[PDB]
Each structure stands twice: as structure tokens, then as C-alpha cells.
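The chain below stands alone and is given in C-alpha cells; this is the form deposited without the partner chain.
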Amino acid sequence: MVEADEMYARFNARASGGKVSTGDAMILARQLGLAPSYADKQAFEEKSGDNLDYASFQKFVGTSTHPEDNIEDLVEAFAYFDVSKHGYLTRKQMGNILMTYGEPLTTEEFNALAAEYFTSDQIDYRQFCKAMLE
């Protein structure tokens, strides 16, 4: 689990009337070091609504831990699109994957991502996935 007093501090600072929206719960979870998906958000909303007291926030953070995350599963997801098995993907290829499939990045998100974490037209997706899991 995340760091409990940080979880409490961030919730209390974001809360209004002792509650935070699931939208804010998503942000705080990320700040706490987790990677909730939008599917996690929708799943939780259908289960517990979109306005969380601290107990329900703790539970949401719980469902967002994804201990099953593994570098090999991520690396091989990108490898699938490495048609010619180069061991890298171009900016185009990375962009097309990340903005078309799954829970697609917005151009805002992708442009920020590319600025910091991309380095060329030969993105080593193994090392990129390592960085993302860090």
C-alpha cells in the first residue's frame, strides 16, 4: 500500500465537506505513486459512486495498486507493434499506439510525454517501459 499519512494529508487538503470526487481520487492516487486506469475509475463509480469519504478513497486507492504490473507484459505489448523487430519504435509508431489503442492519450498528454521521455525516432520501448514503471 501507499504511504498512509501522505494519503490522509492529500485527501484532507483536496476534500470539500470531507469528500473528494473520483476525478480527484484519480489525481491523488497518481500523486501517491499509483497508476489507476480510467476503467478503474468507472468500475469504482459503478460500485461506490463518484463522491468518496476517506474510507472509500482508501478503498479506491486499494483497487489502483495493480501489483500484477510487470515490465515484461508492458515491453511485449509494444513489441507486438514492432513489425520488423527492430527493438525500437519510431515517434510515429509510439504516437499511433498510445493515441489510438487502450485508453488513448490526448495530444496534450502525448506532446508532454514526448518532450520529457522521448529522445529520437528510435525509442527503446524496453527502457521506456522501465522508466514508466519506476
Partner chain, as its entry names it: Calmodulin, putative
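Take the two forms, find the largest set of C-alpha atoms that superpose within 1.5 Å, and that set is the rigid core. Shifts are known only where both forms have a C-alpha. Residue numbers count along the first chain shown, from 1.
Missing here is the form deposited with the partner chain bound; even so, the following discussion is about that form.
Asker: Within a 4.5 Å heavy atom cut-off, is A55 in contact with the partner chain in the deposited complex?
Answerer: Judged by the heavy-atom cut-off of 4.5 Å, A55 is well away from the partner chain in the deposited complex.
Asker: So in the deposited complex, is the partner chain close enough to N96 to count as touching (4.5 Å, heavy atoms)?
Answerer: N96: contacts the partner chain in the deposited complex.
Asker: Do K92 and the partner chain share at least one heavy atom pair within 4.5 Å in the deposited complex?
Answerer: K92 belongs to the contact set for the partner chain.
Asker: Suppose contact means any heavy atom within 4.5 Å; which members of 79-111 contact the partner chain in the deposited complex?
Answerer: If the 4.5 Å heavy-atom criterion is applied to the partner chain in the deposited complex, 79-111 yields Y80, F81, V83, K92, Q93, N96, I97, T100, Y101.
Asker: Determine, with the core as the superposition reference, the one member of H66, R30, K92, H86 that shifts its CA by 2 Å or more between this form and the one not shown.
Answerer: Shifted by 2 Å or more: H86 only.
Asker: Suppose the core is superposed; which segments, at least 3 residues long, show C-alpha displacements of 2 Å or more throughout between this form and the one not shown?
Answerer: When the rigid core is held fixed, residues 84-86 make up the only run that shifts.
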